[PDB]
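Working notes, beginning with the structure itself.
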Amino acid sequence: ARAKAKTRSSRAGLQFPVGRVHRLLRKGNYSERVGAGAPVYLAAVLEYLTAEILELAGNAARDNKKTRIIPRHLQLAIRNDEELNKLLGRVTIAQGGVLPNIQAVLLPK
Amino acid sequence: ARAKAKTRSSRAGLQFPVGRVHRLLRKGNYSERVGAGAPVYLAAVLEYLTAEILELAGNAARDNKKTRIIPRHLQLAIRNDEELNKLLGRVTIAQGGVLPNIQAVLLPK
Amino acid sequence: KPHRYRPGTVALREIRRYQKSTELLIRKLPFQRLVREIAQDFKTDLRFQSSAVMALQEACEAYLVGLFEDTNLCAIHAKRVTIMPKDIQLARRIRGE
Amino acid sequence: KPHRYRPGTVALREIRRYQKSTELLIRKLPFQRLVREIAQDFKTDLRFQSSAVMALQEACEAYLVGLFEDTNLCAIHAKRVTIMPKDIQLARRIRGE
Amino acid sequence: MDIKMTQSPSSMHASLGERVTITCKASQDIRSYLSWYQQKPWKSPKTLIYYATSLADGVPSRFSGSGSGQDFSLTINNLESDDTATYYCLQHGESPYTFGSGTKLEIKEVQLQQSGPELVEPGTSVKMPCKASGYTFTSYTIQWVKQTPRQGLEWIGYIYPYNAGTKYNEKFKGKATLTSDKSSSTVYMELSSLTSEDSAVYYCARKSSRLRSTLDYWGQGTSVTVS
Amino acid sequence: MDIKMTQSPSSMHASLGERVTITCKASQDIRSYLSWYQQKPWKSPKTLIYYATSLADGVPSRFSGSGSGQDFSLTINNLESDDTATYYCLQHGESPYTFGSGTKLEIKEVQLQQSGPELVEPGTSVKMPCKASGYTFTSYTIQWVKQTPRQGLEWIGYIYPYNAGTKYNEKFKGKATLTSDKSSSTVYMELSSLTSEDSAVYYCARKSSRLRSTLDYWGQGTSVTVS
Amino acid sequence: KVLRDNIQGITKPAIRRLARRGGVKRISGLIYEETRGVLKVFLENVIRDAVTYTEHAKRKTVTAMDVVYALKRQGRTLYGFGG
Amino acid sequence: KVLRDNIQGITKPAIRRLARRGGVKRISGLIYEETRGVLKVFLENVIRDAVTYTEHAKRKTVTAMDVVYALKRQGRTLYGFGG
Amino acid sequence: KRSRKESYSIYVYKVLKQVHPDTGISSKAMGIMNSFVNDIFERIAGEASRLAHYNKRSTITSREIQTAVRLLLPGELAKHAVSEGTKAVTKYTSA
Amino acid sequence: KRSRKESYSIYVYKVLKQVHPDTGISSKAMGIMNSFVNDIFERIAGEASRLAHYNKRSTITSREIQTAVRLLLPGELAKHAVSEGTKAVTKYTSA
Amino acid sequence: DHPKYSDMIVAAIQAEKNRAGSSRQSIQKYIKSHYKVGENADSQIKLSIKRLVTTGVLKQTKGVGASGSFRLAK
DNA sequence: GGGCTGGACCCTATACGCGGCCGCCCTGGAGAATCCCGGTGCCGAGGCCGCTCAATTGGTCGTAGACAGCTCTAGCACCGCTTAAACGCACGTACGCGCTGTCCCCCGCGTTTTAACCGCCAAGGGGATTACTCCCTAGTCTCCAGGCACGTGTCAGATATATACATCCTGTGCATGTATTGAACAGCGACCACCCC
DNA sequence: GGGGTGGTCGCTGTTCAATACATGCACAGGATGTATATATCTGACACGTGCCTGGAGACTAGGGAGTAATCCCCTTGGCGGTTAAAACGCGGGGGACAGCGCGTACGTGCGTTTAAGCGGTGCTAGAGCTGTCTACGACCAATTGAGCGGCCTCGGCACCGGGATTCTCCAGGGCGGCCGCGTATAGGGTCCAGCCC
């Protein structure tokens, strides 16, 4: 009989679904063949980016004394980091607001 | 015995290669299947755009009293037109130069 | 004599107040009317999801906020404090619109 | 006494001639050396097609011209006729660079 | 050297329901850049056919165009009382645009606001506005056409609001001048040294910068009378 | 609530060629955000391991680290003459960064320019600069570290040139002040009201805004002495 | 039934609030009409593409997914409504 | 072999010519250094991508097609070099 | 042995001969026109692929290509390209 | 019965529980994070597909995904993502 | 050491005998560079010019108020 | 017999126009740049020929989507009520814009230097191609468990209230400077005590 | 005892200290807005359950990519001239910018109006889903002509020389308004004759 099933995500140590990523790669018309390691590598990269953004947003939420991450905290997390801001420069976050920023010449003497 | 071949370009009344366009659509990983009318319609659209730009550039070349179109004439034709310029705003044309344009305030008097 | 803040103090307080908040600044129902009026020139008897109208409002307000940031920068460049239509026009043209 | 055009008169003729012309304005050999130097920081002992260097030069000169147009517009917005690094920075920051 | 337009049938009498065919010859090949216009009396012309075969927007399939090079034709299949109007062929394959002599037929939102009639005395100047609305002003050229009862329609020139580029007919250089104002979406025509010969109706017409596009929407016209 | 770093071996002797292990125990869970540094005497420290396992740029594979949560360790396999130095573990999982007590082991392109030695009378103020070059200035925070022979290495605070954001150790609020100069790509640290305990070598260090990144490049150090 | 002049519903105080979130301290009186024109152009450009997607789907309801596709096609990627 | 100070090869005359083609009448003295910096940044951004494509191809020679791909990826689509 | 390359030069020249019988074209202008044709091909094909993916259709049809044309080409370019393509498709179907 | 439709919510939540054990996340923030994941996935897949097409290769491999990551992600983010992906691929290969 | 501003101003005008009117900035520079006057020198200089032209002794050949150029007008 | 008054002759204070001077505007001429016209030559564009591979024709099939019908979600229309936001108006302040002066810093031109460009030559690295092989992925069948839909409870944050602190604005007071003016004081015109003849 | 002069007193010019005015700065406090601590509660988030479909295990086939070998092309390196461009220096004018002044338009605040927001109800269009079936797109074998590579020639345009036109700069001259100086005019000072004291 077939051995006990073990997910590719668990085999790679990842949390993101390697199987789902592989199926989306095959069904997305990116190429007619897909290597076995490509969905694993991509799931690892996506998990890294998700962990980075979520940790920065959680830090912002903790600083704001809130226990749940909200779009405001996400906006702060991306915009207060130059690399993430360059990655998401052309992106709008719903309900994210804007950074508190006032030009120096507008402030009173 | 079989009938003499008749190109799909001639069947559609086009100069552009319908068969080549169909091959490129199939090989480009755009979809699993390609309808028979898609390469014809696309070849007609590409032919229209090519004819429009070439005739405007030929008019520009004639206005400069030269017989052969050059990148300067292509640039002039594209930039002097709202729709072509907005279609090709993000495009750089090699050896095309720029439109003559001096701001009014910089002129004497 | 009745108390009055000097010109620009309430403006600065409003700047601080609105840069901290995240809610939409344009009235929802008239923005929806404007959206439907514009769409009726492309196709008659169109329906809209509430989510679609909200997405439109988010995009529009984000675009306007960024445009006003560029407009304010242009005005400051002109050594002025007041934003002007020429400032909006310069911001748009430099942005590529 | 020897002839002399008033200042700001020859600049107009230069603008006219370089807006009519199409040739590259940066000298080829020093631009090539600059390209090789810059690439040396990413991979050693790289080699370059002459057409690749030409494409880089075309793109860079087009970028610089497109930037100087916005710099000139910002300078005019400041009611100046001299372009300044503040003008270049304003144009670049409005362009989102 | 100007391309001569030749509508062979000057006038027809026809009953309802029957077919009519109008022809238009060309002195030189114009590569299908010919348009057909219907002008009811005291009304601005309306476009019927463009690119020698294509029905304009809102035109019923009763009207049909055909031909290429130098032989062109307009066909009306099912006549009605409303079809009593003058039909002109217009070529725009060459820089000086030329209308046909005109054919009278008897049967037994884009807007261009133009100014009202203007009485004028000889030798001075007059300024005629064309207020466009309902479309992207900079994207389309504005064409100016002079209609005299004795020469028919004459193309004067155009201005392109995008780059303020202008082109004029040789007959009207100096006489005519075109300017645009983006802020109000208005185009102004100046006539210099008015003469009794200048008494005519002047139309402003929108035309896209596309080469196959024709003059599609027309202003109501501005009659200029010289004492 | 500061997370103390407890290095078990304060010092050791080893011959050439055999394996060495060094331990660093965390007061609280730091979630693998631990780094290892090698400091030869009279020179700035160099990074060896980051994210508690990853070799730093240019570090030979002889060095290796392991551990997670609270127990961390460093290993050196092939001992060489140059391996004699002091090794510090550095945690940066929570806002006050803490260095290890240090292990003195003895056996048988990015530049951060920094100012030279300094003599200052007590109660004055001083401005150490840190000239950064070889990289995009705004992308990396500049970290400031104070080293004394009695207290070891202590983290002062950091400046983020992208938005001029600052963080300071509570032991240095008011004492230290950080400013940046995007034009000259230079960072300055203000020490106010100098006092006897301020006789220390101060290092500016580069660290990416990425959470797992660590102090990677170090300035040559400014030896500040108060009379 | 029909709608005729809803652009005036983007009021003066609303434009002022948008400017304040943009960091603007003092506002010229023509800014309101200039901004109304700008917003009209932007809305036209986005809604045209959303309706084009709706026609392609042969739907008569414009969806938030169509709006998101239109924005992304215009280079203004919006997070929060996709999916 | 090593190239060391080639940014100064973008001479003041060359920058003036580029400004003339850009329609600039009068030029401040600091524009030269500002423009050298901007050009250096742009060149670094493009060449890094070109070298990445070349490395992926396992080629040792950077090609014009690699440069065109880098430009297109950076939104600088260049016509005339095999695109 | 060197392989056979592929370009639109012949078709662009035939279109040029139709629109301007006496006019010629430079090699570099031909290169720019090849770049233009390839770029526009890629744009319409990508947009049609995205349309099919959004609508979960496995096939790229003339309706998808038409929608891509209307999305990409501005103003009257869209209308005239749609007319040209529809004419070509109708003629192809009839023949 | 409603048609099951997939999302990244549970995986985002698991990663959140790893990086911040006690924090939560709102539904709107979760949807924004799903949109982020989809956008980045599409970007990387597109770059890898174009790399394969440019190199005339029929399959997308971890080398293609790595080159796409180096092209799109900036600075230190790029090298950290590369390290994570290489580690995961090595662990998967070692089973 | 500063006498009443009337004599300081007339002395400043007498030194640089520009026939078209001595500019405000020239005399403001001169009188403070040669002599020594308190912290609010400039404001009192402007007010002195104003009151002198009101008395009609000095003539403003160009400009408005204090911003112009002033001549002794004998 | 001589000065006063009247009338007339002469000395002199005066309102006003002409010449001198500085600024505005116009124009002709020198000179430098630009454009038209003709002659020459060279190399790239266009045409012709061979071939080979990819586009076409004819036929089979299998499945993707078009169409029909059903269902039930959600988008639209309507109405009433509350109250918050928008609007209209007054007042006033500070900011935009025009004017003026300074001065320095960019431009235009001449002179010296240097290094880019071009032609020529040589070496060899590696890009392109071909042949062979093997292992890596698509495809198929089974089967089972991970994830999605749905239900539920409880606590995190939104809300309302009070309080405590921070910022803004201004009226007042204080400090320093200035011009004004009645008077404190000394120089000269004039009344008187007193010397000299 | 009268004529006449310095002494001294009164009137007045000069200057000085108090008067009054204006500007510039620091602060107390009054009003308002903001940050903080506490209690309420609700509905959104996190958890638990069913099930079902898509992801995993095991095996087969074949072709895509890896690797070795070979060619030759095209990239790199070097050398020698040749100017063209860059570097450098200098005179100057005009543009940047700082300050002053004014008026108006924009901010702040209050009273009035309106319409957005919310809730609740009702209705039906149309989006979503299922089932049938056929047309159309994939796949394959064979064919052949269309498109690409290579060769060649010839004319379009690039260049060079020379007039011919055009545009710029400015020096000189015509022309007008403001200022300095001389003049016809009359007011008054002065001389001659008649008259009253």
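What follows draws every value from the coordinates through simple rules; no lab data is involved. All Cβ positions, even for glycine, are placed from backbone atoms using ideal geometry, and neighbour counts span all protein chains on display.
Observations on the structure shown:
- Cα point-scatterer Debye curve for chain K, base-10 log of I(q)/I(0) at q = 0.12, 0.18, 0.24 Å⁻¹: -0.27, -0.62, -1.14
- Inter-label distance, E:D57 to J:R43: 3.9 nm, where each label sits 7 Å from its Cα along the C-beta direction.
- Nearest-to-axis residue of chain J, judged by beta-carbon position, where the axis maps J onto I, in Å: J:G46, 5
- For chain A, size of Cβ-based charge dipole, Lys and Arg +1, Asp and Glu -1, in debye: 640
- Share, in percent, of DSSP beta bridges within the protein assembly as shown that are antiparallel, nearest 5: 80
- Restraint check, C:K43/E:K207; G:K72/I:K14; A:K27/J:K79; F:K207/H:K58; E:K4/E:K171, Cα-Cα greater than 26 Å: G:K72/I:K14; A:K27/J:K79; F:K207/H:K58
- Radius of gyration and maximum dimension Dmax of the range J:2-95, Cα, Å: 15.9, 49
- Cross-link reach list, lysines versus D:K79, counting only Cα pairs under 21 Å and skipping chain neighbours closer than eight places: B:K109, C:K79, C:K86, H:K25
- Measuring gaps between exposed loop sites in chain J (trypsin sites (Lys or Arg not before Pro); DSSP loop; at most 16 other Cβ atoms within 10 Å), the longest gap, sites not included, is J:6-55.
- The calculated FRET efficiency for K:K36 paired with C:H3, based on their beta-carbon distance and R0 = 41 Å, is about 0.35.
- Eigen-decomposition of the gyration tensor built on the alpha-carbon atoms of chain B gives equivalent ellipsoid semi-axes of 40, 18, 10 angstrom, largest listed first.
- Proximal charge balance of I:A29 [Cβ under 11 Å; K/R count +1, D/E count -1]: +3
- Taking other C-beta atoms within 10 Å as the exposure proxy, E:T21, C:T82, B:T92 rank E:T21, C:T82, B:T92 from fewest upward.
- With its label point defined 7 Å out from Cα along the Cα-to-Cβ axis, G:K1 lies at 8.4 nm from the matching points of the other copies, in increasing order.
- Dipole moment magnitude, nearest 20 debye, the protein assembly as shown about Cα centre, only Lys, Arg, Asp, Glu C-beta charged: 300
- Euclidean distance of C-alpha centroids, chain K and the range B:20-74, integer Å: 77
- Positive-end extreme of charge dipole, chain B - chosen from B:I102, B:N80, B:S9 (charges on Cβ): B:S9
- Summing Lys and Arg as +1 and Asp and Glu as -1 over all other residues whose Cβ lies under 12 Å from the Cβ of F:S192 gives a net charge of +1.
- The protein assembly as shown: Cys lacking any partner C-beta under 4.7 angstrom: C:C60, C:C74, D:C60, D:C74
- Sequence-separation-based contact order of chain B, relative, with Cα cut under 8 Å and 6+ spacing, percent: 17
- Placing a label point 7 Å from the Cα of F:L16 along the Cα-to-Cβ direction, the residues of the range F:58-88 whose backbone N falls under 17 Å from that point are F:77-85.
- Position B:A5: other-copy label points at 5.1 nm, ordered by increasing distance, label point 7 Å along Cα→C-beta.
- Excluding same-chain neighbours fewer than eight residues apart, the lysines reachable from K:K59 by a Cα-Cα span under 16 Å are K:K17, K:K46, K:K50, K:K74.
- Chain G, closest residue to the rotation axis toward H, by beta-carbon, whole angstrom: G:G75, 5
- Across every direction, the projection of the convex hull enclosing the Cα atoms of chain F has a mean area of 12.1 nm².
- Taking K:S48, K:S23, K:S33 in turn, the Gaussian network model of chain K (Cα-Cα springs below 10 Å) assigns the largest fluctuation to K:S33.
- Among the trypsin sites (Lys or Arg not before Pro) in the range D:1-61, those located in a DSSP loop and surrounded by at most 15 other Cβ atoms within 10 Å of their own Cβ are D:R4, D:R27, D:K43.
- Placing +1 on the Cβ of every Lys and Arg and -1 on the Cβ of every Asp and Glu, with no other charges, gives chain F a dipole of roughly 240 debye about its Cα centre.
- Using the alpha-carbon positions of the protein assembly as shown, Rg (one decimal) and Dmax (whole number) come out as 36.8, 124 Å.
- Across K:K59, K:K50, K:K29, mean-square fluctuation computed from a Gaussian network of chain K (C-alpha pairs under 10 Å connected) peaks at K:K29.
- Residue closest to axis [chain B; rotation mapping onto A; Cβ; Å]: B:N29, 3
- Computed over the range F:5-107, the ratio Rg/Rh where both radii use C-alpha atoms and Rh is Kirkwood: 0.94
- Pairs of Cα atoms nearer than 8 Å and 6+ residues apart set the relative contact order; for the range C:15-97 it is 22 percent.
- Other residues within the sphere of radius under 15 Å centred on the Cβ of K:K46, judged by their own Cβ, net out at +3 (K and R +1, D and E -1).
- Rounded Å value of the spacing that divides the Cα centres of the range D:64-86 and the range E:1-72: 52
- Rounded if a/c under 1.5, otherwise prolate or oblate - chain D, Cα gyration tensor axes: oblate
- 7 Å along Cα→Cβ, label-point gaps from G:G37 to other copies, nm, shortest first: 3.6
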